[PDB]
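One structure is given here, and the rest of the page talks about it.
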Protein chains: 2
Amino acid sequence: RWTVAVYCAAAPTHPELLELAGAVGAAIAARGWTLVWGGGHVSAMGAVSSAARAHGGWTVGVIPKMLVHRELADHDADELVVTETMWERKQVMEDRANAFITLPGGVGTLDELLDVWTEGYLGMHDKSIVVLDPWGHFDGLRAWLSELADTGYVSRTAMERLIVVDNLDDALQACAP
Amino acid sequence: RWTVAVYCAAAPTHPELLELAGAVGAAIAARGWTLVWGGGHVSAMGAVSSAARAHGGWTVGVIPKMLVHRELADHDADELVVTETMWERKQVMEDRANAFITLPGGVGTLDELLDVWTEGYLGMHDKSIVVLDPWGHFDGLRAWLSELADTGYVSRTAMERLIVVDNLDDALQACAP
Ligand SMILES: Nc1ncnc2c1ncn2[C@@H]1O[C@H](COP(=O)(O)O)[C@@H](O)[C@H]1O
Ligand SMILES: Nc1ncnc2c1ncn2[C@@H]1O[C@H](COP(=O)(O)O)[C@@H](O)[C@H]1O
């Protein structure tokens with residue numbers, strides 16, 4: 001039943017990120033939790049999903065038709081869903097998930113994070129939103145978001161909607177039912 | 001017929017931002033260009049629509065069923081498209097416009113911008129994506145994205161698609177057919 005969606009890089013392979021993603025996947029799978037992720041075998045997406053599979057967990061991949069070849073659709077997922085549009089991927093992911101973990105990534109990861117955060121802050125769902133950042137990948141973003149908060153562009157209840165942690169033990173504890 | 005979509009705040013309290021959204025509305029309309037916007041008649045959103053209408057410009061407003069009252073749908077929109085879902089708002093907004101201008105705003109504005117920018121560099125559209133930021137509102141975001149490019153998380157293709165200008169003049173020239 002309990003399902004966690006992990007959003008993470010689809011482009012670059014720094015080993016420390018693949019490590020983190022593989023640890024993440026294996027920890028999810030050990031709690032009898034399902035993995036939902038962008039359904040690609042590339043990069044951190046492949047590290048989290050393949051790890052979760054090899055450790056005994058259910059894996060659900062959600063990937064746009066247009067991105068099937070670029071991000072290597074994972075036909076090895078226990079269920080794979082190919083959405084007609086980019087927008088539908090995020091919708092489907094967010095609906096099947098109970099909680100969200102975001103790992104280091106770039107624009108794609110951030111957009112996925114923003115799409116669930118927004119829906120959260122607008123009060124459209126009651127699901128924990130976690131960022132796992134052991135080496136301050138997101139420092140620069142968070143310093144920015146704080147400025148916006150201080151200057152009245154992002155509300156206080158909106159910042160308190162983001163749980164940002166440095167360790168995998170806290171991310172999982174923040175994600176639990 | 002040429003259509004520019006403008007992303008800006010729907011939350012209120014910013015005087016310099018109101019004037020900027022007004023000048024933008026006015027500048028689009030006077031050029032014989034249609035305006036697309038989130039559909040609300042208050043704060044920045046209302047300032048861009050009423051300023052476009054006052055210069056005899058056609059205004060199209062796109063807004064989900066569940067935000068019609070929160071963000072106060074503009075009934076003086078020449079056309080109002082009320083979408084079934086959050087995601088459909090972005091879809092319709094991006095198909096309808098030939099270019100995009102993002103102005104200072106919060107999390108939703110940012111989401112809207114990352115949505116057209118990803119959709120862009122991943123090759124869904126070749127429409128130009130402008131952030132107009134005369135006061136360095138977006139400094140933090142950029143210095144950071146720049147850290148992400150220096151470490152391989154964001155490609156040089158993607159960065160170049162994000163046109164950032166410090167004045168309205170360059171903004172509209174970048175949006176011109
Ligand atoms: N607008 C979007 N809708 C759905 N998925 C997205 C969107 N933008 C980016 N992504 C995903 O974000 C990841 C890109 O990774 P990166 O840009 O390396 O963080 C990929 O899994 C993309 O499929
Ligand atoms: N997930 C989303 N997709 C499209 N538009 C959004 C989303 N979340 C917020 N918005 C809108 O972005 C605009 C600016 O909001 P903000 O900048 O958060 O004050 C508002 O019209 C929000 O309703």
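We count ligands from 1, going down the list as the structure has it; atoms in each ligand are counted the same way. We use all heavy atoms of the structure for the numbers below, so side chains are in, but hydrogens, waters and symmetry mates are not. Every chain is numbered from 1 and lettered A, B, ... according to where its sequence line falls, protein lines coming before strand lines.
Using bins of under 30°, 30° to 60° and over 60° for the plane-to-plane angle, the ring pair A:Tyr153/B:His14 lands in the parallel bin. In this pair, B:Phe100 and B:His125 present their aromatic rings tilted. The plane angle is within the 30 to 60° band.
Salt bridge status for B:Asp111 with A:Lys90: absent, with no side-chain N to carboxylate O gap under 4.0 Å.
In this structure, a donor-acceptor pair under 3.5 Å is present between the side chains of A:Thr59 and A:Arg53. Between the side chains of B:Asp115 and A:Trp87, at least one donor N or O sits under 3.5 Å from an acceptor N or O.
The shortest N or O to N or O distance between A:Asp115 and ligand 2 is not below 3.5 Å. By the 3.5 Å distance cut-off applied to N or O atoms, A:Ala10 is counted among the residues near ligand 1. When only interatomic distances are considered, the shortest N/O to N/O separation between A:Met86 and ligand 1 falls below 3.5 Å. Considering backbone and side-chain N/O atoms, B:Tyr121 never comes within less than 3.5 Å of an N/O atom of ligand 1.
Around atom 20 (C) of ligand 1, the closest heavy atom drawn from B:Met124, A:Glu71, A:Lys90 belongs to A:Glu71. Remark: among candidates B:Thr109, A:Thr118, B:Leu103, B:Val107, the nearest residue to atom 15 (O) of ligand 2 is B:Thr109, based on non-hydrogen atoms.
Using a non-hydrogen distance threshold of 4.0 Å, B:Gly108 registers as a contact of ligand 2. Note on ligand 1: A:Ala11 sits in its first shell, one or more heavy atoms being nearer than 4.0 Å. Distances from ligand 2 to the non-hydrogen atoms of B:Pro64 include no value under 4.0 Å.
Heavy-atom contacts from other residues, nucleotides or ligands closer than 6.0 Å to CG of B:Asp126 number 12 or fewer. Heavy-atom neighbours of B:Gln173 CD from other residues, nucleotides or ligands within 6.0 Å: above the threshold of 12.
Counting the atoms of ligand 2 from 1 in the order shown, those under 4.0 Å from a heavy atom of B:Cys8 are 13 (C), 14 (C). Near B:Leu67, meaning under 4.0 Å from one of its heavy atoms, ligand 2 places the atoms 23 (O). Close approach of ligand 1 to A:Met45 is summarised as follows: ligand atoms under 4.0 Å from at least one heavy atom of the residue are 21 (O). Close approach of ligand 1 to A:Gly106 (heavy-atom distance below 4.0 Å) involves ligand atoms 16 (P), 19 (O).
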Worked check of salt bridge (charged side-chain N to carboxylate O under 4.0 Å, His left out) between A:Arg89 and A:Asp95:
CA-CA 10 Å; A:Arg89 182 216 219 151; A:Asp95 269 281; over 6 Å; no

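For A:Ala54, there are no side chain to side chain contact (heavy atoms under 4.5 Å, CB included) partners, not counting sequence neighbours.
Residue contacts with ligand 1, taken as heavy atom pairs separated by less than 4.0 Å, do not involve B:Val154 at all. Of the heavy atoms in A:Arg89, only side-chain atoms (C-beta onward) come closer than 4.0 Å to ligand 1. Under 4.0 Å from ligand 1, the heavy atoms of A:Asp111 that appear belong solely to its side chain.
If you take CZ on A:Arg142 and CE on A:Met159, they are separated by 7.5 Å, rounding to the nearest 0.5 Å.
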